[PDB]
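1. Experimental structure and its sequence below.
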Amino acid sequence: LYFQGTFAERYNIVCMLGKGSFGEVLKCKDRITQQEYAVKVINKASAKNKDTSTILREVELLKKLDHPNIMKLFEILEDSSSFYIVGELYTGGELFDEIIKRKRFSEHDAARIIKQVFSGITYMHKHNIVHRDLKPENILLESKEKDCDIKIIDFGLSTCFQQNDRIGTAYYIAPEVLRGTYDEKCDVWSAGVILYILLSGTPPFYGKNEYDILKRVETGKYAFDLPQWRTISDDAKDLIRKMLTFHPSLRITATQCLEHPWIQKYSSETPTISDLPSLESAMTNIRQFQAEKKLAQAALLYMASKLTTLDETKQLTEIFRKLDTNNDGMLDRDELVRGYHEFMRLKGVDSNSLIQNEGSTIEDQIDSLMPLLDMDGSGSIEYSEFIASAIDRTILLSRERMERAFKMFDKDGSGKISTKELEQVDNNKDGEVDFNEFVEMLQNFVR
Ligand SMILES: Nc1ncnc2c1c(Cc1cccc3ccccc13)nn2CC1CCNCC1
Ligand SMILES: [Ca+2]
Ligand SMILES: [Ca+2]
Ligand SMILES: [Ca+2]
Ligand SMILES: [Ca+2]
């Protein structure tokens, strides 16, 4: 293991993507799977503001964030000079450029975008994370596909690392930030500035230079005076007023943003007849997952949450969204119950008849499933738990994906897994699992 580095053994660097946020962002490629990722490279000696143990602890919390509108981080690796934070690669660019292209958005299109921002920030705040610098430049489009998910990026590292003059940041900061305070309410203000911009195409606190912009922000004074505001609904203006309330104690919370009537009016996404092949696929797979042993169940969640790409989960992602009726990015018990009933209704099948055919009602079925699906016991089914349980068990098992999952466990690199490193089947009887027996082990879970 002497001539093998953690990052360098696993990943090849392809090209530079960006510079600035504590370090450079590169595209990299997994040498086994050929899957592409973004990696942020942070210099240890220049940038560290805390011991490595603190940094690894806080980055681990960031890795556990599991929400469809928050940057997915897979790992943090290190060599003698750097930290390498490896994450999902998004290819649709900054929301900022979508503002430039479109100039401004209909209420419908604005609601769909800002709803995702609200859902993401809500989840962040529930996990005691404040963004601090929320703006369209730190929100990325997942891909170039129409109405793809947005992804909040570039937060969470500010206590750990020290940074090295970017245009337009002044537009988004809450007045209390000028007094040296960043709290959860400052994220709500920034989001409201974004929404003001989506609907009108112009910042609420505007000027030709940073001096004049900050003067207006300080007063908290804005108006809906521009001509374009006369054809925007009172409901949208009500939300904005609630978000750009001067005193943070009177300003609404992110959850209140997410729950606002104007948001709910433009989030009617729900299972239709076209979704039935997709729902039936998901239900078959989740039922199999329920029947599988917890060792199988745990091992599949690891594989799905780390080694799958966007194209593969895009289908399950749309279903997830249609089941997520409160738009918070996770599925609760009642959402799964309502989703099952709706699946039956759309299919032409009476749910009262499940008590004789299968032996129990939809509610009893979901209630028995929850403890098996909610593996971290969070009270909800987050995205990766859903994907783990609903994806085709076969697609998860390309040889390349099993190889990588094997290398993650074989921590001493001897060619064979043992105990602690993660029951064993063992055909040759050495008390260890080489790769070929691992491949059977995982292909026995699938059975
Ligand atoms: N995910 C991404 N995908 C593509 N390009 C990205 C990123 C990321 C974010 C990112 C990548 C990898 C690890 C991370 C760890 C902590 C926080 C953020 C991370 N930056 N950039 C480059 C572009 C340049 C143009 N301005 C917008 C960003
Ligand atoms: Ca939900
Ligand atoms: Ca959970
Ligand atoms: Ca080994
Ligand atoms: Ca063996």
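-> Structure's in. What do you need? Residues are numbered from 1 along each chain as shown. Ligands and ions are numbered 1, 2, ... in the order given.
2. count of neighbours near the nearest residue to residue 1 once chain neighbours are set aside?
-> Sequence neighbours aside, residue 413 is the residue nearest to residue 1 in space, at 5.2 Å (criterion: C-beta to C-beta, 6 or more residues apart in numbering). C-beta: built from backbone N, CA, C; applies to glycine. Neighbour count for residue 413, taken as other C-beta atoms under 10 Å: 10.
3. Now residue 413: phi and psi?
-> The phi/psi pair for residue 413 (degrees, to the nearest 10) reads phi 70, psi 30.
4. quick one, what contacts the nearest residue to residue 127 once chain neighbours are set aside?
-> Leaving aside its sequence neighbours, residue 127 sits nearest to residue 65 (C-beta to C-beta, 6+ apart; 6.4 Å). The contact partners of residue 65, by C-beta atoms under 8 Å, 6 or more residues apart in numbering, come to 71, 73, 123-124, 127, 129.
5. measure residue 65 to residue 35 for me?
-> 20 Å (C-beta to C-beta, to the nearest Å).
6. before we move on, back to that, quick check on the contacts of residue 65: which are buried?
-> 71, 73, 123-124, 129 (16 or more other C-beta atoms under 10 Å).
7. Which two of these have the greatest separation?
-> 73 and 123 (14.4 Å; C-beta to C-beta).
8. for the residue of the chain found nearest ligand 3, what are its contacts?
-> Relative to ligand 3, the nearest point of the chain is residue 378 (3.4 Å; C-beta to the ion). Taking C-beta under 8 Å, 6+ apart as the criterion, residue 378 is in contact with residue 330.
9. Would you agree it falls within a helix?
-> No - Residue 378 is assigned coil when assessed by DSSP: H, G, I helix; E, B strand; the rest coil, not a helix.
10. What segments of the stretch 301-447 of the chain are helices?
-> 310-323, 333-347, 354-357, 362-373, 383-390, 399-409, 435-445 (DSSP state H, counting those that start in this stretch).
11. Now find how far off-centre the longest one is within its chain.
-> Per C-alpha atoms, centre = their mean, to the nearest Å, the displacement of helix 333-347 from the mean C-alpha position of its chain is 24 Å.
12. check whether that helix contacts ligand 3.
-> No - judged by C-beta under 5 Å from the ion, helix 333-347 stays clear of ligand 3, getting no closer than 11.4 Å.
13. For that helix, name the packing helices and strands.
-> Judged by 3 or more C-beta pairs under 8 Å, 6 or more residues apart in numbering; DSSP states H and E, the packing partners of helix 333-347 are helix 276-291, helix 310-323, helix 362-373.
14. swap in the fourth one?
-> Packed against helix 362-373 by the contact rule (3+ C-beta pairs under 8 Å, 6+ apart) you find helix 276-291, helix 333-347, helix 383-390.
15. In PDB, could you pull the C-alpha coordinates for the shortest one?
-> Coordinates of the C-alpha atoms in helix 383-390 are reproduced here as PDB (Å, rounded to 0.1, in the frame of the first residue of the first chain):
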ATOM      1  CA  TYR A 383     -34.100  10.200  -1.100                       C
ATOM      2  CA  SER A 384     -31.300   7.600  -0.900                       C
ATOM      3  CA  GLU A 385     -33.500   5.300   1.200                       C
ATOM      4  CA  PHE A 386     -36.200   5.500  -1.400                       C
ATOM      5  CA  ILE A 387     -33.800   5.000  -4.300                       C
ATOM      6  CA  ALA A 388     -32.100   2.100  -2.500                       C
ATOM      7  CA  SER A 389     -35.500   0.300  -2.100                       C
ATOM      8  CA  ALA A 390     -37.100   1.300  -5.500                       C
END
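16. Out of the buried ones among the contacts of residue 65, which is nearest to ligand 5?
-> Distances from ligand 5 to the buried ones among the contacts of residue 65, taken by C-beta to the ion, are shortest for residue 73, at 34.0 Å.
17. Surely that closest one and residue 85 touch.
-> Yes - Residue 73 is in contact with residue 85 according to C-beta atoms under 8 Å; the separation is 6.2 Å.
18. How about residues contacting stretch 220-235?
-> Stretch 220-235 is touched from outside by 104, 107, 175, 196, 199-202, 204-205, 216, 237, 240, 244, 246, 261-262, 265, with contacts defined as C-beta under 8 Å, 6+ apart.
19. and what of stretch 395-411?
-> 10, 30, 32-34, 300, 302-304, 306-308, 312, 416-417, 421-422, 435, 438-439, 442-443, 446.
20. got the angle for the longest helix along the chain vs helix 310-323?
-> The longest helix of the chain (DSSP state H) is helix 107-126. On the basis of axes from the mean of the first three to the mean of the last three C-alpha atoms, to 10 degrees, helix 107-126 is oriented at 90 degrees to helix 310-323.
21. other SSEs contacting helix 107-126?
-> Using 3+ C-beta pairs under 8 Å, 6+ apart, helix 107-126 sits against strand 150-152, helix 184-200, helix 254-258, helix 261-265.
22. Now tabulate these in TSV and tack on mean neighbour count and distance to ligand 4.
-> TSV is the format used below for the helices and strands packed on helix 107-126 (neighbours: other C-beta atoms under 10 Å; distance: least, C-beta to the ion, whole Å):
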stretch	mean neighbour count	distance to ligand 4
strand 150-152	25	36
helix 184-200	24	45
helix 254-258	21	45
helix 261-265	16	51
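23. so of the helices of the stretch 301-447 of the chain, which one's packed in deepest?
-> Most buried of those, by mean neighbour count (mean count of other C-beta atoms under 10 Å): helix 383-390, with a mean of 24.
24. From the contact counts, what lies against that helix?
-> So helix 383-390, by 3+ C-beta pairs under 8 Å, 6+ apart, packs with helix 276-291, helix 294-307, helix 310-323, helix 362-373.
25. now those as CSV including distance to residue 405?
-> Formatted as CSV, these follow (distance: least, C-beta to C-beta, whole Å):
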stretch, distance to residue 405
helix 276-291, 17
helix 294-307, 6
helix 310-323, 16
helix 362-373, 21
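26. Figure out which of the ones you listed is closest to ligand 2.
-> The nearest among the helices and strands packed on helix 383-390, by C-beta to the ion, is helix 310-323 at 7.7 Å.
27. Is there any residue in that closest one that contacts ligand 2?
-> No - using C-beta under 5 Å from the ion, helix 310-323 stays clear of ligand 2, with a minimum separation of 7.7 Å.
28. mind putting the helices and strands packed on helix 362-373 in CSV, distance to residue 188 included?
-> Compiled in CSV, those are given as follows (distance: least, C-beta to C-beta, whole Å):
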stretch, distance to residue 188
helix 276-291, 34
helix 333-347, 25
helix 383-390, 24
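29. can you name the two of the contacts of residue 65 that are farthest apart?
-> 73 and 123 (14.4 Å).
30. Specify the next element, helix or strand, located C-terminal of the helix or strand encompassing residue 77.
-> Per DSSP states H and E: residue 77 is located in strand 73-78. Sequence-wise, the next helix or strand downstream of strand 73-78 (DSSP H and E) is strand 82-87.
31. And that following strand, what does it pack against?
-> By 3+ C-beta pairs under 8 Å, 6+ apart, strand 82-87 packs against strand 36-43, helix 52-64, strand 73-78.
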